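Peer 1: Structure below; questions to follow.
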Amino acid sequence: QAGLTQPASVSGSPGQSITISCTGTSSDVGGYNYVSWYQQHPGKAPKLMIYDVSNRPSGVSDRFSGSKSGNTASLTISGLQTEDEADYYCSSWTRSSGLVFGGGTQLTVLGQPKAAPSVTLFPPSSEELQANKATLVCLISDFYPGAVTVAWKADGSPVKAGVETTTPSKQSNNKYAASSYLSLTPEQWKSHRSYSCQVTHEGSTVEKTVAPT
Amino acid sequence: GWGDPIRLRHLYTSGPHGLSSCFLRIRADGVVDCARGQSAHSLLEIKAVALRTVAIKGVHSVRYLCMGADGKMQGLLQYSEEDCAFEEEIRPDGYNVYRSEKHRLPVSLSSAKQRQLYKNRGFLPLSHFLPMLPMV
Amino acid sequence: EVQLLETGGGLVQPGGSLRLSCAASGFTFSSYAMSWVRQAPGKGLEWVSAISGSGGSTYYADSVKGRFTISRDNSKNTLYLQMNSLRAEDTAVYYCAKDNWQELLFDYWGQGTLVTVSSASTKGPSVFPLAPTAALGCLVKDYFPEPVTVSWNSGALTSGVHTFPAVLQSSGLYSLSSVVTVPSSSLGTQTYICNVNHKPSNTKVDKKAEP
Numbered sequence: 001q002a003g004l005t006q007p008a009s010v011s012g013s014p015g016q017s018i019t020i021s022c023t024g025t026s027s028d029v030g031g032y033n034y035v036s037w038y039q040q041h042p043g044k045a046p047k048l049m050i051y052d053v054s055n056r057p058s059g060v061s062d063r064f065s066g067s068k069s070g071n072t073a074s075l076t077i078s079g080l081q082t083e084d085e086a087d088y089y090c091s092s093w094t095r096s097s098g099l100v101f102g103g104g105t106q107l108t109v110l111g112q113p114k115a116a117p118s119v120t121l122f123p124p125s126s127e128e129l130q131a132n133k134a135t136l137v138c139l140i141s142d143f144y145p146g147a148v149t150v151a152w153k154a155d156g157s158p159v160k161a162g163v164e165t166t167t168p169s170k171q172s173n174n175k176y177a178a179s180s181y182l183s184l185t186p187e188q189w190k191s192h193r194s195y196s197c198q199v200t201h202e203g204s205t206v207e208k209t210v211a212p213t
Numbered sequence: 037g038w039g040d041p042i043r044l045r046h047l048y049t050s051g052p053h054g055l056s057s058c059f060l061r062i063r064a065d066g067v068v069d070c071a072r073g074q075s076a077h078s079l080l081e082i083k084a085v086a087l088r089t090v091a092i093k094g095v096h097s098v099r100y101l102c103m104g105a106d107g108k109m110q111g112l113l114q115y116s117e118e119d120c121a122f123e124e125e126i127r128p129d130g131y132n133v134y135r136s137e138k139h140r141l142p143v144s145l146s147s148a149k150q151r152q153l154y155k156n157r158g159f160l161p162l163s164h165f166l167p168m169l170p171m172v
Numbered sequence: 001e002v003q004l005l006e007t008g009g010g011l012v013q014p015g016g017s018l019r020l021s022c023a024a025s026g027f028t029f030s031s032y033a034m035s036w037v038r039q040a041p042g043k044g045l046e047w048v049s050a051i052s053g054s055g056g057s058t059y060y061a062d063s064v065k066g067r068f069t070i071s072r073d074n075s076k077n078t079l080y081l082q083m084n085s086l087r088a089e090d091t092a093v094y095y096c097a098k099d100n101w102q103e104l105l106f107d108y109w110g111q112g113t114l115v116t117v118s119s120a121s122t123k124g125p126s127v128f129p130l131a132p141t142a143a144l145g146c147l148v149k150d151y152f153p154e155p156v157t158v159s160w161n162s163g164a165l166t167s168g169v170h171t172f173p174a175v176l177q178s179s180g181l182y183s184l185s186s187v188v189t190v191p192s193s194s195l196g197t198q199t200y201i202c203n204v205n206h207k208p209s210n211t212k213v214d215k216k217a218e219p
């Protein structure tokens, strides 16, 4: 009653080799020899890269190889090339549950140095608060690679109510950006001493505060 | 029936002890021989008959792959479990072997002379197969 | 070569109904099984349902049994998925996938058709200014559907303008921000204005961003 488990992210530099794991159960990966791997580039349909654990359809580069041990299937890409950057989904046959997929793995081919994110936090407008509304706008830009986590805290107390954050997306300069919005009522904006937006990127946390002024 | 997958494959072997690359072809006359490339009569349908046991039918010849005495491969229109069902065993290196339990021999494209030369070796030439997808 | 053309995607409200079609061309459609595989935006792949090739056998996932119906007609080479009792979780791009035979192994894919299940009606954005090398911008809040256009000072200012992608909030409406980082001396000299455009609601607004 559960999908297969893939790592969320795998990354290597050009020329390097990587492996993407795909853990299942004795009823799927460990019960048959029908593990498939699909490659999906942004905005396009999936492409069959590996079938029956280790076999390649015609045209697929021999840098892709599949294997399996117990309940864990693995896709290995040797000599990473830039175009290998995509999402990779493993799939397995099941007896009574159809085709079950893994959660997918984003493969990054590092073609840029690690860049810390720039963060600008905005307080609620005068016009919006006069309109009985309050929104704090936290905008994260110019970070590489494209993965961040945002945590909103009011004067140190963590808050998850009314929080919506966008998934990171590539700007024009190959760096990635994301946005964070905290929707509050007027008076809970005016009730705390400060509001702060923290974003953690590659273990390092960047923070910005604002005050009711 | 969605209990087990119906596979459509070309079976391809280059060894062991092989000379050329062979696609298993089932001709309309029942003869099973080496094909140098993917053809209509080398297109096989693979369905399970037990857990690890397999039946192989050429789609255009509609003949099942059946093994005779001393390991001879022929195409018969009437399926028989003892002659046309094989345990599919996938080797760690990725090649597939199809053992016959009745005849105690693997499916192979070896000649009659090769099958007699190797009958006491524990392996037959041209018995390690790669399953290939058909190109439309 | 082989082509699968999905049609019928669009906006439908929760509880509604919609039928998708897939135009198969370039192969003997009657000989191969088919499947529908869907992908929620920014999420993973999920296999929906399968059809036998002749129509005799159908296969469904737990999340769509009773609500979705897989069907085919081999004369016209077309695959169907009739989606009823649609929920928000069915929001996804729906792919038409050809089976290699009857093994749930997918030779060819269509380009997919998007099915959006939302209860949000067309709404224009409320545009608020974001007051402040200093950064100021414009908040484009609670509009539907996409897209909106943003230009600063009639497009005369392109230096350092980043208009972020839109966030979809729990309400079902989109929000967006666009910022310009400016020299910290020109805050008392020159006006910095955004012009937001939302054609679906026929909305065009100006707003002034100042300390």
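Protein chains in written order, with the deposited numbering: chain B, 1 to 213; chain C, 37 to 172; chain A, 1 to 132, 141 to 219.
All C-beta atoms, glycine included, are put in the ideal place defined by N, C-alpha and C.
1. So with CB distances below 9 Å, who are the chain C contacts of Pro57(B)?
2. Comparing the C-beta of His170(A) with each C-beta of chain B, is any distance below 8 Å?
3. So what does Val158(A) bridge to, in DSSP terms?
4. Does the distance from the C-beta atom of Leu80(B) to that of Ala134(B) stay below 8 Å?
5. Quick one: list the residues of chain C neighbouring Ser91(B), beta-carbon separation under 7 Å, in chain order.
6. DSSP on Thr135(B), reduced to helix/strand/coil?
7. Closest by CA to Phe106(A), which one among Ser118(B), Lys208(B), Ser92(B) and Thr23(B)?
8. I'd like to know whether the C-beta of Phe101(B) is nearer than 8 Å to at least one C-beta of chain A.
9. If contact is defined by three or more beta carbon pairs under 8 Å, each pair taking one atom from either stretch, is the stretch 172–179 of chain B in contact with the stretch 41–56 of chain C?
10. If you measure from the beta carbon of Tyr51(B) to each beta carbon in chain A, is any gap under 8 Å?
11. Starting from the N-terminal side, write out each stretch of the beta strand (DSSP E) that is 3 residues or longer and does not extend beyond the stretch 37–78 of chain B.
12. Counting contacts by CB-CB distance shorter than 8 Å, is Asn174(B) in contact with chain C?
13. Could you say which of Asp90(A), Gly110(A), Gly55(A) and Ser21(A) lies nearest to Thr116(A) if we only look at CA atoms?
14. Under 8 Å, do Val190(A) and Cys146(A) count as touching if we go by C-beta distance?
15. Taking the C-alpha atoms as reference points, what is the distance between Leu112(C) and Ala64(C)?
16. To the nearest angstrom, report how far apart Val37(A) and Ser97(C) are at their CA atoms.
17. Note down the Cα distance separating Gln198(B) from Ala115(B), rounded to an integer number of angstroms.
18. Does the separation of the CB atoms of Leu107(B) and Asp142(B) fall below 8 Å?
19. From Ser116(C), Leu141(C) and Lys108(C), pick the residue whose C-alpha is nearest to that of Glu124(C); which is it?
20. Which residue from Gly66(B), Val53(B), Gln40(B) and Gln1(B) puts its Cα closest to that of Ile18(B)?
21. Consult DSSP for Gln198(B) and reduce its assignment to one of helix, strand or coil.
22. According to DSSP, is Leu195(A) part of a helix, a strand, or is it coil?
23. Does DSSP put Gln130(B) in a helix, in a strand, or in coil?
24. Looking at chain B, is there any beta carbon in it that lies within less than 8 Å of the beta carbon of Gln177(A)?
25. Please check if any C-beta of chain C sits within less than 8 Å of the C-beta of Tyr59(A).
26. Is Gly37(C) close to chain A, meaning its C-beta is less than 8 Å from at least one C-beta of that chain?
27. In terms of DSSP beta bridges, what is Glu103(A) paired with?
28. Under the DSSP definition of a beta bridge, which residues are partnered with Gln82(A)?
29. Between which two residues does the alpha helix (DSSP H) harbouring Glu187(B) extend?
30. Helix, strand or coil for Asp65(C), going by three-state DSSP, please let me know.
31. So, for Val60(B): in the same chain, excluding its five sequence neighbours on each side, which residues have a beta-carbon less than 6 Å away from its beta-carbon?
32. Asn132(C) bridges to which residues according to DSSP?
33. Give the interface partners of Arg43(C) over in chain A, defined as CB-CB distance under 9 Å, in chain order.
Peer 2: So, from the listed chains and residues:
1. Along the first sequence, one-based indexing puts residue 57(B) at 57. For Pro57(B), the chain C residues whose C-beta falls within less than 9 Å of its own C-beta are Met168, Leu169 and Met171, listed in chain order.
2. On the third sequence, residue 170(A) is found 162 positions in, with the first residue counted as 1. Contact with chain B is found for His170(A), since one of that chain's Cβ atoms lies less than 8 Å from the residue's Cβ.
3. Sequence index remark: in the third sequence, residue 158(A) carries index 150 (1-based). Paired residue(s): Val204(A).
4. If you number the first sequence from 1, residue 80(B) lands on position 80. If you number the first sequence from 1, residue 134(B) lands on position 134. Annotated as distal: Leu80(B) and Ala134(B), with beta-carbon spacing of 8 Å or more.
5. The residue labelled residue 91(B) in the question sits at position 91 within the first sequence. Within chain C, no residue has its beta carbon less than 7 Å from that of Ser91(B); the closest one is some 12 Å off.
6. Walking along the first sequence from the start, residue 135(B) turns up at place 135. DSSP places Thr135(B) in strand when its eight states are reduced to three.
7. For this step, residue 106(A) is matched to residue 106 along the third sequence. Of all alpha-carbon atoms in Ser118(B), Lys208(B), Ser92(B) and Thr23(B), the one lying nearest the alpha-carbon of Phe106(A) is that of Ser92(B).
8. On the first sequence, position 101 is the one that residue 101(B) refers to. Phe101(B) counts as touching chain A.
9. Counting C-beta pairs with one atom in each stretch, the stretch 41–56 of chain C and the stretch 172–179 of chain B have fewer than three that are closer than 8 Å, which means they do not touch.
10. The residue given as residue 51(B) occupies position 51 in the first sequence. It does; some Cβ of chain A falls within 8 Å.
11. Taking 3 residues as the minimum length, the beta strand (DSSP E) runs contained wholly in the stretch 37–78 of chain B are 47–50, 64–69 and 72–77, in order along the chain.
12. Residue mapping note: residue 174(B) aligns to position 174 of the first sequence, counting from 1. Look at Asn174(B): its C-beta is not under 8 Å from any C-beta on chain C.
13. As a position in the third sequence, residue 116(A) is number 116, starting the count at 1. With distances taken between Cα atoms, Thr116(A) lies closest to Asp90(A).
14. Position 182 of the third sequence, counting from 1, holds the residue named residue 190(A). Position 138 of the third sequence, counting from 1, holds the residue named residue 146(A). Going by C-beta atoms, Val190(A) is not nearer than 8 Å to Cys146(A).
15. Walking along the second sequence from the start, residue 112(C) turns up at place 76. Walking along the second sequence from the start, residue 64(C) turns up at place 28. Going from the Cα of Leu112(C) to the Cα of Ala64(C) covers about 10 Å.
16. Numbered from 1 along the third sequence, position 37 holds the residue referred to as residue 37(A). Numbered from 1 along the second sequence, position 61 holds the residue referred to as residue 97(C). One Cα belongs to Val37(A), the other to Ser97(C), and the distance between them is close to 33 Å.
17. Stepping through the first sequence from its first residue, residue 198(B) is reached at position 198. Stepping through the first sequence from its first residue, residue 115(B) is reached at position 115. Cα to Cα, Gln198(B) sits roughly 16 Å from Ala115(B).
18. In the first sequence, counting from the first residue as 1, residue 107(B) sits at position 107. In the first sequence, counting from the first residue as 1, residue 142(B) sits at position 142. Between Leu107(B) and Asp142(B), the gap from beta carbon to beta carbon reaches 8 Å or more.
19. Locating residue 124(C) in the second sequence gives position 88, counting from the first residue. Considering only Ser116(C), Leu141(C) and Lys108(C), the residue with the shortest C-alpha distance to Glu124(C) is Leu141(C).
20. If you number the first sequence from 1, residue 18(B) lands on position 18. Between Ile18(B) and the set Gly66(B), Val53(B), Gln40(B) and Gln1(B), the nearest pair of CA atoms involves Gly66(B).
21. Looking up residue 198(B) in the first sequence gives position 198. Note: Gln198(B) maps to strand in three-state DSSP.
22. Counting from 1 along the third sequence, the entry for residue 195(A) is found at position 187. Correct three-state label for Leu195(A): coil.
23. If you number the first sequence from 1, residue 130(B) lands on position 130. Collapsing the DSSP output to three states places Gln130(B) in a helix.
24. Here the question's residue 177(A) lines up with position 169 in the third sequence. At least one chain B Cβ lies under 8 Å of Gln177(A).
25. Residue mapping note: residue 59(A) aligns to position 59 of the third sequence, counting from 1. Chain C contact via Cβ: present.
26. Here the question's residue 37(C) lines up with position 1 in the second sequence. Interface residue, yes.
27. Stepping through the third sequence from its first residue, residue 103(A) is reached at position 103. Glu103(A) has no beta-bridge partner at all, per DSSP.
28. Walking along the third sequence from the start, residue 82(A) turns up at place 82. Looking at the DSSP assignment, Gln82(A) forms a beta bridge with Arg19(A) and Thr69(A).
29. Taking the first residue of the first sequence as position 1, residue 187(B) is located at position 187. Counted as a single uninterrupted DSSP element, the alpha helix (DSSP H) harbouring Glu187(B) occupies residues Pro186 to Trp189.
30. Numbered from its first residue, the second sequence carries residue 65(C) at position 29. It is coil, neither helix nor strand.
31. Here residue 60(B) refers to the residue found at position 60 when the first sequence is read from its first residue. Apart from the 5 residues on each side of it in sequence, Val60(B) sits with its Cβ closer than 6 Å to the Cβ of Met49 in its chain, given in chain order.
32. In the second sequence, the residue the question calls residue 132(C) occupies position 96. Beta-bridge annotation (DSSP): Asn132(C) is paired with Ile126(C) and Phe165(C).
33. The residue given as residue 43(C) occupies position 7 in the second sequence. The answer, in chain order, is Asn100, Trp101, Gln102, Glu103 and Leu105.
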